[PDB]
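Below: the structure, in C-alpha cells.
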Amino acid sequence: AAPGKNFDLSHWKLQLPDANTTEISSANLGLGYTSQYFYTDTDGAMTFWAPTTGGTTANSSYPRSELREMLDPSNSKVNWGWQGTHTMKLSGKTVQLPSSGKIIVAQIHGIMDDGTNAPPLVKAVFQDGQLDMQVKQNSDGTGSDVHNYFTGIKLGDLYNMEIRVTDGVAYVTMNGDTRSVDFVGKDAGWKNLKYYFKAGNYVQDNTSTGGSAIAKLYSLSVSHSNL
C-alpha cells in the first residue's frame, strides 16, 4: 500500500524534488499518493528518492523528498514553541547516497510567527559510518552549529532516532544514546521563533553527476505534551 496507509500522515505534507518543488497535501498522502520520489518498498518502508539535479525550495540549494510537520494540515503557519515537550521518534535507514556522501534525514526547523522562514535548529546529518545531530547555536545569521557525533551508523543500518525539545533544550538521540544542547540558553532569541519537525531525504549534493539518494522510514511519530 502507498505510504500514507502504513503511516499516519494526517499531520505531514510532502515536499518534492521535481523542477517545481511540488508539495503533496496531508489529505492526498492519506489517499495513497505515490511516485518515483515517494513510495512503499517491498519491505514496507516509506521510501524517499531525490536526484541531485532536483528542484530546490526558495531558500535552499539542495533538493529534497521530505515531510514537513503540519499541526494544522490546512495552515502551515501553525507551529509549536520552545516551552513544553515536543518529540519526534522514527526508525529508518539510508539506502543510497549521492556522490557527496551526505544527506539530512530529519530536522527541527525554525519559522517566524508569521510563517516566514527562519533557520534550521536541528539537522540529522547522515554519512556512511557516522550521524551528526547538528544544533544551530544562534537564532539569526550568526555563529555556527554544535555537532553531536554518533559513531558506527552505516549505509543500510537501521537507526532509531528521537529528537525532543523540552523548555528550550534539544535532546538528540540515536539508538538510545542521547545528547543535549540548551539552545534557548545559547540565544534567547530562539524564544522569538516557532518550530516544526521534518523527516525524509534532504540531499546534500546538488551537482550535475552526483546521482541521487534513497532514505527509508519504518516508523514515524510526533508527540506534543506538557506536564
Side-chain angles (χ1 to χ4, degrees), residues 15 17 45-52 54 56-57 59-69 86-111 117-139 141-165 169-183 186 190 195-207 210-220 222:
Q15 297 171 323
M46 172 166 58
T47 304
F48 301 86
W49 174 79
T52 62
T56 63
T57 54
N59 296 299
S60 168
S61 65
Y62 295 109
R64 75 194 75 218
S65 178
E66 191 182 37
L67 298 172
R68 186 292 200 204
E69 178 192 13
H86 308 286
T87 302
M88 174 169 66
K89 301 180 47 179
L90 60 83
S91 68
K93 57 166 69 188
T94 291
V95 171
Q96 178 181 296
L97 285 166
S99 296
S100 75
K102 182 188 294 181
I103 68 173
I104 287 170
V105 295
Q107 313 192 52
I108 297 176
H109 206 290
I111 186 167
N117 188 66
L121 175 66
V122 179
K123 304 162 285 181
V125 182
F126 178 94
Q127 306 198 274
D128 180 10
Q130 151 180 287
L131 190 135
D132 181 5
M133 280 289 214
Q134 297 180 175
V135 184
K136 191 177 196 309
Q137 288 178 135
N138 295 336
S139 66
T142 63
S144 75
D145 301 340
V146 183
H147 297 266
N148 297 278
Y149 297 111
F150 298 88
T151 299
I153 316 304
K154 293 172 179 178
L155 194 75
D157 288 353
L158 184 79
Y159 37 79
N160 293 299
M161 182 184 295
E162 182 173 328
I163 311 178
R164 172 171 64 98
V165 167
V169 182
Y171 302 84
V172 298
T173 302
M174 293 288 285
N175 305 331
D177 176 352
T178 299
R179 318 291 174 75
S180 70
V181 178
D182 179 359
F183 61 96
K186 181 59 175 181
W190 287 109
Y195 306 91
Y196 59 85
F197 289 115
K198 309 198 85 191
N201 178 187
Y202 177 28
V203 185
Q204 309 298 294
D205 185 331
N206 58 187
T207 67
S212 63
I214 300 168
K216 283 180 166 183
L217 294 175
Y218 296 96
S219 59
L220 176 62
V222 173

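Hydrogens, waters and symmetry mates are skipped; everything else that's a heavy atom, side chains included, is used. Residues: numbered from 1 along the sequence shown.
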Donor-acceptor pair between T56 and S61 side chains, under 3.5 angstrom
no
Hey, are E162 and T87 close enough side-chain-wise for a donor-acceptor pair under 3.5 Å?
no
Could you tell me which non-hydrogen atom of [X] sits nearest to which non-hydrogen atom of [Y], and how far apart they are?
X	Y	result
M161	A106	SD-CB, 3.6 Å
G152	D157	O-OD2, 3.5 Å
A50	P17	CB-CG, 3.7 Å

Would you say the side-chain atoms of [X] pair up with the backbone N or O of [Y], donor to acceptor, closer than 3.5 Å?
X	Y	answer
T47	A45	yes
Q127	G101	yes
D128	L155	yes
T52	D205	no
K93	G156	yes

Which is it for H86 and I108 under the side-chain contact (heavy atoms from CB on, under 4.5 Å) test, yes or no, and what are the steps along the way?
CA-CA 10 Å; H86 308 286; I108 297 176; over 6 Å; no
Between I163 and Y171, does the side-chain contact (heavy atoms from CB on, under 4.5 Å) criterion hold? Intermediate values first, please.
CA-CA 6 Å; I163 311 178; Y171 302 84; over 6 Å; no
Got [X] and [Y] here, is their nearest side-chain heavy-atom distance under 4.5 Å?
X	Y	answer
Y195	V165	no
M88	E69	no
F48	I214	no
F150	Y159	no
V135	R179	no
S212	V203	no
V146	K186	no

When rounded to the nearest 0.5 angstrom, what is the spacing between [atom1] in [X] and [atom2] in [Y]?
X	Y	atom1	atom2	answer
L67	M46	CG	CE	5.0 Å
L90	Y218	CG	OH	12.5 Å
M174	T151	CE	OG1	11.0 Å
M133	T173	CE	OG1	6.5 Å
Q15	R68	CD	CZ	7.0 Å
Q137	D145	CD	CG	7.0 Å

Relative to the ring of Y62, is the ring of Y202 parallel (under 30°), tilted (30 to 60°) or perpendicular (over 60°)?
perpendicular
Specify whether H109 and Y196 have parallel, tilted or perpendicular ring planes, treating 30° as the upper limit for parallel and 60° as the lower limit for perpendicular.
parallel
Do other residues, nucleotides or ligands put more than 12 heavy atoms under 6.0 Å from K102 NZ?
no
Exactly one candidate in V169, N148, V172 meets side-chain contact (heavy atoms from CB on, under 4.5 Å) with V181; the answer is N148
